[PDB]
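To find a chain, count down the sequence lines: A is the first, B the second, and so on, and within it residues start at 1. Just so you know, these numbers use all the heavy atoms, side chains as well, and skip hydrogens, waters and symmetry mates.
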Amino acid sequence: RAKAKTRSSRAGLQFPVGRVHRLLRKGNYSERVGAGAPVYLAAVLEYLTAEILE
DNA sequence: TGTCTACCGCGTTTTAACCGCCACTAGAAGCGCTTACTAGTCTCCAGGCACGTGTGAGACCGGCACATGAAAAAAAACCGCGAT
Ligand SMILES: [Ca+2]
Ligand SMILES: [Ca+2]
Ligand SMILES: [Ca+2]
Ligand SMILES: [Ca+2]
Ligand SMILES: [Ca+2]
Ligand SMILES: [Ca+2]
Ligand SMILES: [Ca+2]
Ligand SMILES: [Ca+2]
Ligand SMILES: [Cl-]
Ligand SMILES: [K+]
Ligand SMILES: [K+]
């Protein structure tokens with residue numbers, strides 16, 4: 001077993017990719033969620049958050 | 001209430017929408033095959049949570065500087081009130 005890296009850290013993100021993936025699966029949005037989707041969405045939430053906080 | 005003209009109604013001339021048709025093919029959409037990718041499961045462990053604690057940001061207050069509104073009064077101007 002390799003030592004674990006957060007999906008956020010591989011994406012270069014502060015926002016939780018894994019939490020976002022989970023919220024997509026459990027939110028009744030579709031039957032299946034691709035691996036990119038929460039990465040993209042997490043990034044967008046970070047960008048907008050950054051912009052308001054700026 | 002009074003003044004000005006922008007809109008409305010109308011008859012005439014102009015325009016191109018519409019319809020029905022035909023000719024051509026881009027691309028919408030169906031179908032079978034194959035695999036990459038996701039769900040699912042198990043095990044493991046660290047990210048993020050609830051909890052606790054301090055200290056400095058911010059709320060509050062008094063004192064003062066300063067901006068600005070309104071009055072009183074001084075200075076312009078203007079709007080008539082009726083004359084050769
Ligand atoms: Ca960003
Ligand atoms: Ca920015
Ligand atoms: Ca096509
Ligand atoms: Ca920790
Ligand atoms: Ca906390
Ligand atoms: Ca101290
Ligand atoms: Ca502090
Ligand atoms: Ca200090
Ligand atoms: Cl994806
Ligand atoms: K839904
Ligand atoms: K495929």
Side-chain angles (χ1 to χ4, degrees):
Chain A
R1 164 158 295 188
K3 184 174 193 64
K5 310 183 192 204
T6 70
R7 285 193 274 172
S8 301
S9 68
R10 308 185 198 276
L13 297 177
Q14 255 53 221
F15 264 53
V17 169
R19 187 178 278 183
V20 163
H21 195 241
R22 189 251 298 168
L23 288 169
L24 289 166
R25 280 191 281 92
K26 309 270 269 271
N28 300 290
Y29 297 110
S30 61
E31 203 196 4
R32 341 180 84 235
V33 183
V39 176
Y40 208 112
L41 176 51
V44 173
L45 302 163
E46 196 170 313
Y47 171 63
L48 297 171
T49 301
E51 191 64 56
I52 290 178
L53 293 166
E54 178 69 30

Which atom pairs, donor and acceptor, lie under 3.5 Å between side-chain atoms of residues 45-54 of chain A and protein residues at least two apart or in another chain?
| residue | atom | partner | partner atom | Å |
| --- | --- | --- | --- | --- |
| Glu46(A) | OE1 | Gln14(A) | N | 2.8 |
| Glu46(A) | OE1 | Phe15(A) | N | 2.9 |
| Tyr47(A) | OH | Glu51(A) | OE1 | 2.9 |
| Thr49(A) | OG1 | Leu45(A) | O | 2.7 |

Residues joined to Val17(A) in its hydrophobic cluster, side chain to side chain under 4.5 Å directly or through other members, sorted by chain and number, are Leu13(A), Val39(A)

What residues 33-44 of chain A contributes to the DNA chain B interface at heavy-atom separation below 4.0 Å is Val33(A), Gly34(A), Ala35(A)

So, with a heavy-atom separation below 4.0 Å from DNA chain B, the residues of residues 7-30 of chain A are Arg19(A)

If one requires at least 3 consecutive Watson-Crick or G-U pairs with distances under 3.5 Å, the stems of DNA chain B turn out to be none

Non-hydrogen atoms of [X] and [Y] that approach each other most closely:
{"X": "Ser8(A)", "Y": "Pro16(A)", "value": "OG-CA, 3.5 Å"}
{"X": "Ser30(A)", "Y": "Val33(A)", "value": "OG-CG2, 4.2 Å"}
{"X": "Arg7(A)", "Y": "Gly18(A)", "value": "NH2-CA, 3.6 Å"}

- Item | Shared hydrophobic cluster, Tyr40(A) / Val20(A) (ILVMFWY, side-chain heavy atoms < 4.5 Å) | no

Comparing nearest nucleotides in DNA chain B, the 5'-proximal residue of the pair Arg1(A), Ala4(A) is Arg1(A)

Rounded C1' spacing from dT25(B) to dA29(B) in Å:
16 Å

Sequence neighbours excluded, the answer for side chain to side chain contact (heavy atoms under 4.5 Å, CB included) partners of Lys26(A) is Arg22(A)

Across all chains, not counting sequence neighbours, the side chain to side chain contact (heavy atoms under 4.5 Å, CB included) partners of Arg32(A) are none

5'-most to 3'-most nt of DNA chain B touching chain A (<4.0 Å, heavy-atom partner on protein side) reads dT38(B) to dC49(B)

* If you look at every strand shown and take non-hydrogen atoms under 4.0 Å, does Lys3(A) touch a base, only sugar-phosphate, or nothing? -> sugar-phosphate

